[PDB]
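Engineer:
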C-alpha cells in the first residue's frame, strides 16, 4: 500500500509499505530515499508517537493515511 | 548544521501538531514516548518563536510582513503556554 509521511516544512514522501511493516521498517525506508537517520526520526499519528516494536497494523494505519515526521 | 528560517506554514504545522498531542495526552496513559516527543515539539516551538523575532528585528520601516511574523509568534506563544498550564501547572 501507499502512505504519506508529512514533514513540518510541508514536504511529503509516499512510502510503499504493507500493513505488516514495523515502525522501524518505515523509518528505514525513509532513510533509503531521504537519507535521514532513523535515530533522528520521530513519527506521529493521532497525537501519538510510534514505537519501532509496534507495526503499522497496531496503530490502525490505512492506505493513503498520513503520518507526521519530526526531526530532532 | 547552522541556523535557518522557518516558513509561516511550518510554524502552523508545529503549532497544530503540538495542539494535537496535548489533547491526546493523559498523565496516566501517556507513556514516556509521547511525553518526550512533546518536549521536542515544544523546544522547537521555542526555537521558532526566536527566529521569528530575529526576522522582526530586521524588519524595515513600513514592512509588509511584520504583522504576520508577530501573529505567528503569538500562536507559538499561545501553544507554548498550553504545554505549560497542562504538562506543568501554570
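Chains as they are written, first to last, in the UniProt record's numbering: chain A, 1 to 72; chain B, 211 to 300.
Using N, Cα and C, we set each Cβ at its ideal position, and we do this for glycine too.
Would you tell me roughly how many angstroms separate the C-alpha atoms of residue 280 of chain B and residue 251 of chain B, rounded to the nearest one?
Structural biologist: Their backbone Cα atoms lie some 20 Å apart in a straight line.
Engineer: Identify, in the order they occur along the chain, each residue of the same chain with its Cβ nearer than 6 Å to the Cβ of residue 276 of chain B, setting aside the five sequence neighbours on each side.
Structural biologist: Contacts found: 269.
Engineer: Check whether the region 221-240 of chain B and the region 34-42 of chain A touch, using three or more Cβ-Cβ pairs below 8 Å as the test.
Structural biologist: No: fewer than three Cβ pairs fall under 8 Å.
Engineer: So is residue 247 of chain B in contact with chain A if we call contact Cβ pairs under 7 Å?
Structural biologist: Yes, residue 247 of chain B lies at the interface with chain A (some Cβ there is under 7 Å from its Cβ).
Engineer: Would you call the CB atoms of residue 3 of chain A and residue 15 of chain A closer than 7 Å?
Structural biologist: Result yes, Cβ atoms of residue 3 of chain A and residue 15 of chain A sit closer than 7 Å.
Engineer: Kindly list, in the order they appear in chain A, the residues whose Cβ is closer than 8 Å to that of residue 217 of chain B.
Structural biologist: Near residue 217 of chain B (Cβ distances below 8 Å), the residues of chain A are 9, 10.
Engineer: Quick check: residue 265 of chain B and residue 283 of chain B, are their CB atoms within less than 7 Å of each other?
Structural biologist: Not closer than 7 Å, so no.
Engineer: So with Cβ pairs under 7 Å, would you call residue 242 of chain B a contact of chain A?
Structural biologist: No, no contact with chain A.
Engineer: Can you give the Cα-Cα distance for residue 9 of chain A and residue 70 of chain A, rounded to whole angstroms?
Structural biologist: Going by the C-alpha atoms only, they are around 10 Å apart.
Engineer: Just by C-beta distance, which residues in the region 254-279 of chain B are closer than 7 Å to chain A?
Structural biologist: Cβ contacts with chain A come from no residue of the region 254-279 of chain B.
Engineer: According to DSSP, simplified to helix, strand and coil, what is residue 269 of chain B?
Structural biologist: Correct three-state label for residue 269 of chain B: coil.
Engineer: Just reading off the alpha helix (DSSP H) that residue 295 of chain B is part of, what are its end residues?
Structural biologist: That run of the alpha helix (DSSP H) goes 292-295.
Engineer: Between B:219, B:213, B:225, B:217, which has its C-alpha nearest residue 293 of chain B's C-alpha?
Structural biologist: For residue 293 of chain B, the nearest C-alpha among the options comes from B:225.
Engineer: Considering residue 5 of chain A, what are the terminal residues of the beta strand (DSSP E) in which it resides?
Structural biologist: Element bounds for residue 5 of chain A: 2-6.
Engineer: Does residue 259 of chain B pass the burial test, meaning 16 or more other C-beta atoms within 10 Å, or should it be called exposed?
Structural biologist: Burial call: buried.
Engineer: Quick check: the Cα distance between residue 241 of chain B and residue 53 of chain A, rounded to an integer number of angstroms?
Structural biologist: Each residue's Cα considered, the two are about 15 Å apart.
Engineer: Looking at the secondary structure, which residues open and close the beta strand (DSSP E) in which residue 15 of chain A lies?
Structural biologist: Counting along the chain, the beta strand (DSSP E) containing residue 15 of chain A begins and ends at 12-16.
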